[PDB]
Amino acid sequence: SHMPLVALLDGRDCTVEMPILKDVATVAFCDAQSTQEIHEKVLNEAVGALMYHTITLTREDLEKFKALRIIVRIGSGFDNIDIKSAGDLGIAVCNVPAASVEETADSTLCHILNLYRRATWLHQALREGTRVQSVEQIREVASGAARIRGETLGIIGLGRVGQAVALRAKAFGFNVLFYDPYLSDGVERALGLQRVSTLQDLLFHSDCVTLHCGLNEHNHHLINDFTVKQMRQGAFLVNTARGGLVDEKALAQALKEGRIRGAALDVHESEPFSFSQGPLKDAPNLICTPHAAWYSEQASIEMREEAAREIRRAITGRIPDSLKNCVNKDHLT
């Protein structure tokens, strides 16, 4: 009569997952921002866990769980989970890789176009009461807006989102380069893109750089005071991937000195983001969104139902065979 316990760590709404898990698991929520906010009953008894990106799990946090057997990220990125240590401790880790691919690529194009066309900043200026009566004033208030055709878009990481962004960028006349040191040669040919070997070549040729790679152990602060100086003078930066990829200290100074003309960020080193705190406090030409590139109503529901199904499959079947999107089979023992 006793069912396994499944806990939603960093959230409270479990409505979407309930119809899928009802006869399979007891569902609880912790609304927790850190391991320190999880009830002892969860740490002791929880067999499965559902979590988003707002809580981090180190080996230290993972060891506090005594019965945990699977974690499912309701989302694609899993940089916030110590994946190797989880596998060592016998804990499967899964993600939901496909629900928000095109939502995120559309948000990226929106940010790219917002930098080239300055629509967001032009809207601000009108809210700020700027009067734009003459053509000379239009040119002034829209100064910096640029023609897109012929510009070079450099994509770092050509996966699901990177490929979706590349196909969209081609429609606006962008010349699309990409740097992805983990793909085998020939993907540039299938999609009709130009590829480059080193990050430096990408940054050297790109008028606008957009990040679409996972945050892993080898690319923290991939954009830093060193690689920032490799970018074109007056280039754009876009990041809907992970804030850990950008040294905001170096970015702030680049915006202030004009080396980088503008930047659009949906993710940040420390989230939630605030224009009043952080290295970007006073950085100019800065567009930011609160980690919402992923969100649509259909994407939210899609990933939550898929996450719930993965939980069911883990409880009902055999780990890790029954799992569709386990990302640490190599480490599981």
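Numbering starts at 1 and runs along the sequence shown.
*Asks:* Output the stretch having the higher mean C-alpha B factor in the entry; the candidates are 83 to 91 and 178 to 186.
*Replies:* Taking the mean C-alpha B-factor of 83 to 91 and of 178 to 186, the larger value falls to 83 to 91.
*Asks:* According to the deposited model, is the average Cα temperature factor higher in 282 to 290 or in 299 to 307?
*Replies:* That would be 282 to 290.
*Asks:* Could you tell me which one of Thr227, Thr104, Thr210, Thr152 shows the highest CA temperature factor in the PDB record?
*Replies:* So the option with the highest C-alpha B-factor is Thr227.
*Asks:* For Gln124, does the deposited CA B-factor place it in the lowest, middle or highest third of the chain?
*Replies:* Within its chain, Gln124 is a highest-third residue by C-alpha B-factor, going by the deposited values.
*Asks:* Can you tell me which third, lowest, middle or highest, the CA B-factor of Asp13 falls into for its chain?
*Replies:* Middle third of the chain for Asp13's C-alpha B-factor.
*Asks:* Among the chain's modelled residues, which third holds the C-alpha B-factor of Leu115?
*Replies:* Bottom third by C-alpha B-factor.
*Asks:* If you rank the chain by CA B-factor, which third does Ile148 end up in: lowest, middle or highest?
*Replies:* Within its chain, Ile148 is a lowest-third residue by C-alpha B-factor, going by the deposited values.
*Asks:* What third of its chain, lowest, middle or highest, does the C-alpha temperature factor of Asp266 fall into?
*Replies:* It falls in the bottom third of the chain.
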